[PDB]
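Here's target-v7.pdb, which has PDB, C-alpha atoms (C1' of nucleotides):
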ATOM      1  CA  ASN X 292       0.000   0.000   0.000  1.00  0.00           C
ATOM      2  CA  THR X 293       2.803   2.434   0.863  1.00  0.00           C
ATOM      3  CA  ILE X 294       4.588   1.644  -2.410  1.00  0.00           C
ATOM      4  CA  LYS X 295       1.376   2.255  -4.360  1.00  0.00           C
ATOM      5  CA  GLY X 296       1.014   5.710  -2.824  1.00  0.00           C
ATOM      6  CA  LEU X 297       4.649   6.541  -3.565  1.00  0.00           C
ATOM      7  CA  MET X 298       4.219   5.844  -7.287  1.00  0.00           C
ATOM      8  CA  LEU X 299       1.317   8.302  -7.353  1.00  0.00           C
ATOM      9  CA  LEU X 300       3.463  10.810  -5.453  1.00  0.00           C
ATOM     10  CA  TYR X 301       6.296  10.352  -7.957  1.00  0.00           C
ATOM     11  CA  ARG X 302       3.882  11.078 -10.804  1.00  0.00           C
ATOM     12  CA  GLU X 303       2.604  14.119  -8.895  1.00  0.00           C
ATOM     13  CA  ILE X 304       6.040  15.686  -8.323  1.00  0.00           C
ATOM     14  CA  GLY X 305       6.659  16.550 -11.964  1.00  0.00           C
ATOM     15  CA  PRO X 306       9.665  16.654 -14.290  1.00  0.00           C
ATOM     16  CA  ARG X 307      11.992  17.147 -11.295  1.00  0.00           C
ATOM     17  CA  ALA X 308      11.125  13.719  -9.857  1.00  0.00           C
ATOM     18  CA  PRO X 309      14.142  11.713 -11.161  1.00  0.00           C
ATOM     19  CA  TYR X 310      16.604  14.342  -9.900  1.00  0.00           C
ATOM     20  CA  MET X 311      15.178  14.503  -6.377  1.00  0.00           C
ATOM     21  CA  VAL X 312      18.450  13.599  -4.646  1.00  0.00           C
ATOM     22  CA  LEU X 313      20.382  16.158  -6.702  1.00  0.00           C
ATOM     23  CA  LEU X 314      18.005  18.959  -5.705  1.00  0.00           C
ATOM     24  CA  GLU X 315      17.804  17.439  -2.189  1.00  0.00           C
ATOM     25  CA  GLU X 316      14.011  17.527  -2.095  1.00  0.00           C
ATOM     26  CA  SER X 317      12.405  16.860   1.271  1.00  0.00           C
ATOM     27  CA  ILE X 318       9.994  14.522  -0.538  1.00  0.00           C
ATOM     28  CA  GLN X 319      12.946  12.172  -1.121  1.00  0.00           C
ATOM     29  CA  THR X 320      13.026  11.069   2.530  1.00  0.00           C
ATOM     30  CA  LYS X 321       9.539   9.579   2.185  1.00  0.00           C
ATOM     31  CA  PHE X 322      10.814   7.555  -0.795  1.00  0.00           C
ATOM     32  CA  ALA X 323      13.795   6.047   1.025  1.00  0.00           C
ATOM     33  CA  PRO X 324      13.545   2.510   2.426  1.00  0.00           C
ATOM     34  CA  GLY X 325      12.709   2.592   6.107  1.00  0.00           C
ATOM     35  CA  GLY X 326       9.035   3.290   5.656  1.00  0.00           C
ATOM     36  CA  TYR X 327       8.696  -0.115   3.977  1.00  0.00           C
ATOM     37  CA  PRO X 328      11.663  -2.138   5.277  1.00  0.00           C
ATOM     38  CA  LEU X 329       9.935  -5.513   4.884  1.00  0.00           C
ATOM     39  CA  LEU X 330       9.217  -5.387   1.147  1.00  0.00           C
ATOM     40  CA  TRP X 331      12.526  -3.653   0.418  1.00  0.00           C
ATOM     41  CA  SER X 332      14.419  -6.396   2.255  1.00  0.00           C
ATOM     42  CA  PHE X 333      12.530  -8.976   0.199  1.00  0.00           C
ATOM     43  CA  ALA X 334      13.250  -6.925  -2.929  1.00  0.00           C
ATOM     44  CA  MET X 335      17.000  -6.888  -2.279  1.00  0.00           C
ATOM     45  CA  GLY X 336      16.815 -10.638  -1.699  1.00  0.00           C
ATOM     46  CA  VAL X 337      15.667 -11.366  -5.242  1.00  0.00           C
ATOM     47  CA  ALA X 338      17.777  -8.515  -6.645  1.00  0.00           C
ATOM     48  CA  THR X 339      21.067  -9.957  -5.377  1.00  0.00           C
TER      49      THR X 339
ATOM     50  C1'   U F   1    -102.742 -27.028  10.302  1.00  0.00           C
ATOM     51  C1'   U F   2    -100.798 -27.195  15.395  1.00  0.00           C
ATOM     52  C1'   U F   3     -98.745 -29.513  20.199  1.00  0.00           C
ATOM     53  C1'   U F   4     -90.465 -28.509  23.054  1.00  0.00           C
ATOM     54  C1'   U F   5     -87.483 -24.932  25.254  1.00  0.00           C
ATOM     55  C1'   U F   6     -86.115 -19.843  25.396  1.00  0.00           C
ATOM     56  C1'   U F   7     -84.827 -13.659  32.728  1.00  0.00           C
ATOM     57  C1'   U F   8     -81.061 -13.552  36.699  1.00  0.00           C
ATOM     58  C1'   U F   9     -77.520 -15.656  40.599  1.00  0.00           C
ATOM     59  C1'   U F  10     -68.743 -15.714  39.938  1.00  0.00           C
ATOM     60  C1'   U F  11     -64.779 -12.460  40.251  1.00  0.00           C
ATOM     61  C1'   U F  12     -62.885  -7.670  39.044  1.00  0.00           C
ATOM     62  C1'   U F  13     -58.163  -1.068  44.282  1.00  0.00           C
ATOM     63  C1'   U F  14     -53.161  -1.188  46.418  1.00  0.00           C
ATOM     64  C1'   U F  15     -48.577  -3.430  48.946  1.00  0.00           C
ATOM     65  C1'   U F  16     -40.902  -4.950  44.949  1.00  0.00           C
ATOM     66  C1'   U F  17     -36.792  -2.387  43.204  1.00  0.00           C
ATOM     67  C1'   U F  18     -35.037   1.894  40.668  1.00  0.00           C
ATOM     68  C1'   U F  19     -27.911   8.149  42.526  1.00  0.00           C
ATOM     69  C1'   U F  20     -22.463   7.488  42.554  1.00  0.00           C
ATOM     70  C1'   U F  21     -17.550   4.803  43.473  1.00  0.00           C
ATOM     71  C1'   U F  22     -12.323   1.682  37.187  1.00  0.00           C
ATOM     72  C1'   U F  23      -9.031   3.367  33.615  1.00  0.00           C
ATOM     73  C1'   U F  24      -8.006   7.043  29.966  1.00  0.00           C
ATOM     74  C1'   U F  25      -0.085  12.231  27.993  1.00  0.00           C
ATOM     75  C1'   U F  26       4.776  10.692  26.071  1.00  0.00           C
ATOM     76  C1'   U F  27       9.362   7.358  25.398  1.00  0.00           C
ATOM     77  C1'   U F  28      11.211   2.833  18.094  1.00  0.00           C
ATOM     78  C1'   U F  29      12.938   3.541  13.337  1.00  0.00           C
ATOM     79  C1'   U F  30      12.815   6.706   9.087  1.00  0.00           C
ATOM     80  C1'   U F  31      19.795  10.280   3.424  1.00  0.00           C
ATOM     81  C1'   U F  32      23.280   7.818   0.003  1.00  0.00           C
ATOM     82  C1'   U F  33      26.784   3.756  -1.717  1.00  0.00           C
ATOM     83  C1'   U F  34      25.142  -1.716  -8.403  1.00  0.00           C
ATOM     84  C1'   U F  35      24.816  -1.711 -13.581  1.00  0.00           C
ATOM     85  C1'   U F  36      23.323   0.936 -17.872  1.00  0.00           C
ATOM     86  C1'   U F  37      27.740   2.756 -26.289  1.00  0.00           C
ATOM     87  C1'   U F  38      29.340  -0.561 -30.326  1.00  0.00           C
ATOM     88  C1'   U F  39      31.441  -5.277 -32.707  1.00  0.00           C
ATOM     89  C1'   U F  40      26.597 -11.056 -37.275  1.00  0.00           C
ATOM     90  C1'   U F  41      24.249 -11.525 -41.842  1.00  0.00           C
ATOM     91  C1'   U F  42      21.439  -9.137 -45.631  1.00  0.00           C
ATOM     92  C1'   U F  43      22.343  -8.861 -55.252  1.00  0.00           C
ATOM     93  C1'   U F  44      21.748 -12.779 -58.996  1.00  0.00           C
ATOM     94  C1'   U F  45      22.164 -18.013 -61.236  1.00  0.00           C
ATOM     95  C1'   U F  46      15.312 -23.359 -62.621  1.00  0.00           C
ATOM     96  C1'   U F  47      11.362 -23.909 -65.858  1.00  0.00           C
ATOM     97  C1'   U F  48       7.542 -21.477 -68.561  1.00  0.00           C
ATOM     98  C1'   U F  49       4.518 -22.291 -77.715  1.00  0.00           C
ATOM     99  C1'   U F  50       2.087 -26.460 -80.338  1.00  0.00           C
ATOM    100  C1'   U F  51       0.954 -31.855 -81.653  1.00  0.00           C
ATOM    101  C1'   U F  52      -6.410 -36.186 -79.486  1.00  0.00           C
ATOM    102  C1'   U F  53     -11.358 -36.390 -80.833  1.00  0.00           C
ATOM    103  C1'   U F  54     -15.692 -33.670 -82.193  1.00  0.00           C
ATOM    104  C1'   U F  55     -22.169 -34.904 -89.253  1.00  0.00           C
ATOM    105  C1'   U F  56     -25.861 -38.812 -89.994  1.00  0.00           C
ATOM    106  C1'   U F  57     -27.994 -44.092 -89.978  1.00  0.00           C
ATOM    107  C1'   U F  58     -34.254 -46.917 -84.523  1.00  0.00           C
ATOM    108  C1'   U F  59     -39.337 -46.499 -83.799  1.00  0.00           C
ATOM    109  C1'   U F  60     -43.519 -43.299 -83.806  1.00  0.00           C
ATOM    110  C1'   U F  61     -52.402 -44.113 -87.522  1.00  0.00           C
ATOM    111  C1'   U F  62     -56.561 -47.477 -86.208  1.00  0.00           C
ATOM    112  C1'   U F  63     -59.034 -52.301 -84.534  1.00  0.00           C
ATOM    113  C1'   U F  64     -62.835 -53.554 -76.735  1.00  0.00           C
ATOM    114  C1'   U F  65     -67.100 -52.229 -74.188  1.00  0.00           C
ATOM    115  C1'   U F  66     -70.566 -48.391 -73.107  1.00  0.00           C
ATOM    116  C1'   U F  67     -80.236 -48.205 -72.960  1.00  0.00           C
ATOM    117  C1'   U F  68     -83.783 -50.678 -69.648  1.00  0.00           C
ATOM    118  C1'   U F  69     -85.923 -54.863 -66.433  1.00  0.00           C
ATOM    119  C1'   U F  70     -86.383 -54.673 -57.662  1.00  0.00           C
ATOM    120  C1'   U F  71     -89.053 -52.483 -53.902  1.00  0.00           C
ATOM    121  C1'   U F  72     -91.399 -48.037 -52.250  1.00  0.00           C
ATOM    122  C1'   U F  73    -100.104 -46.299 -48.408  1.00  0.00           C
ATOM    123  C1'   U F  74    -102.318 -47.835 -43.644  1.00  0.00           C
ATOM    124  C1'   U F  75    -103.365 -51.321 -39.326  1.00  0.00           C
ATOM    125  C1'   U F  76    -100.280 -50.187 -31.167  1.00  0.00           C
ATOM    126  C1'   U F  77    -100.933 -47.119 -27.017  1.00  0.00           C
ATOM    127  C1'   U F  78    -101.904 -42.243 -25.290  1.00  0.00           C
ATOM    128  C1'   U F  79    -108.042 -38.744 -18.678  1.00  0.00           C
ATOM    129  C1'   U F  80    -108.341 -39.443 -13.274  1.00  0.00           C
ATOM    130  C1'   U F  81    -108.017 -42.231  -8.333  1.00  0.00           C
ATOM    131  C1'   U F  82    -101.809 -40.800  -2.251  1.00  0.00           C
ATOM    132  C1'   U F  83    -100.398 -37.327   1.178  1.00  0.00           C
ATOM    133  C1'   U F  84    -100.073 -32.265   1.865  1.00  0.00           C
TER     134        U F  84
END
The structure in this file should be written as structure tokens.
Amino acid sequence: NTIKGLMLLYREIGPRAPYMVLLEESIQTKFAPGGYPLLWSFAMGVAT
RNA sequence: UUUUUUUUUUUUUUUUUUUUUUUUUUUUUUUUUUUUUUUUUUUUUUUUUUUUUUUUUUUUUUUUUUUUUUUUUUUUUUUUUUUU
């Protein structure tokens, strides 16, 4: 559910969304793993 | 035709209970660390006219039958007798 909301937030940000870390947007913190540690940990499991 | 029966007799106020006694702020975490140009192949080579047959020969008028012969009037019964 949290991931689904984030994708809508990413679409809402605009053309500056991919360069969020470069501009150091405060919205970036909500995107970082830590708000969804369980799925991210599973995601890194298959990724590796 | 008709012959019975066909008023009434109880009871019918009330007696409880009905306030309250707990809890009810907070103590975590929450940036990032990879990868992400390309390396082949990619014209064509065959074949592709024609050779047969394709008139006709039979039959195809007719021969029977086809009027008629019966029957075809009628002959019974057909008021009433209780009760109410």
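The gap separating CA of residue 321 (chain X) from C1' of residue 36 (chain F) is 25.8 Å, in Å to one decimal.
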Non-local contacts of region 301-318 of chain X (12 Å; only C-alpha atoms (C1' of nucleotides); under 6 positions in same chain excluded) as a ChimeraX atom specification: /X:294-295 /F:31-32
For chain X against chain F, which residues fall within 9 Å using all atoms listed in the file, given as an MDAnalysis selection string? chainID X and resid 312 319:321 323:326
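Picture a line from CA of residue 292 (chain X) to CA of residue 332 (chain X); it runs 15.9 Å.
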Of the listed residues X:333, X:338, X:322, X:328, that which approaches residue 300 (chain X) most closely, counting all atoms listed in the file: X:322
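One finds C1' of residue 83 (chain F) at 14.0 Å from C1' of residue 1 (chain F).
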Report the centre and edge lengths, in Å to one decimal, of an axis-aligned box enclosing every atom of region 21-39 of chain F listed in the file, padded by 3 Å on each side, as AutoDock Vina command-line options.
--center_x 6.9 --center_y 3.5 --center_z 5.4 --size_x 55.0 --size_y 23.5 --size_z 82.2
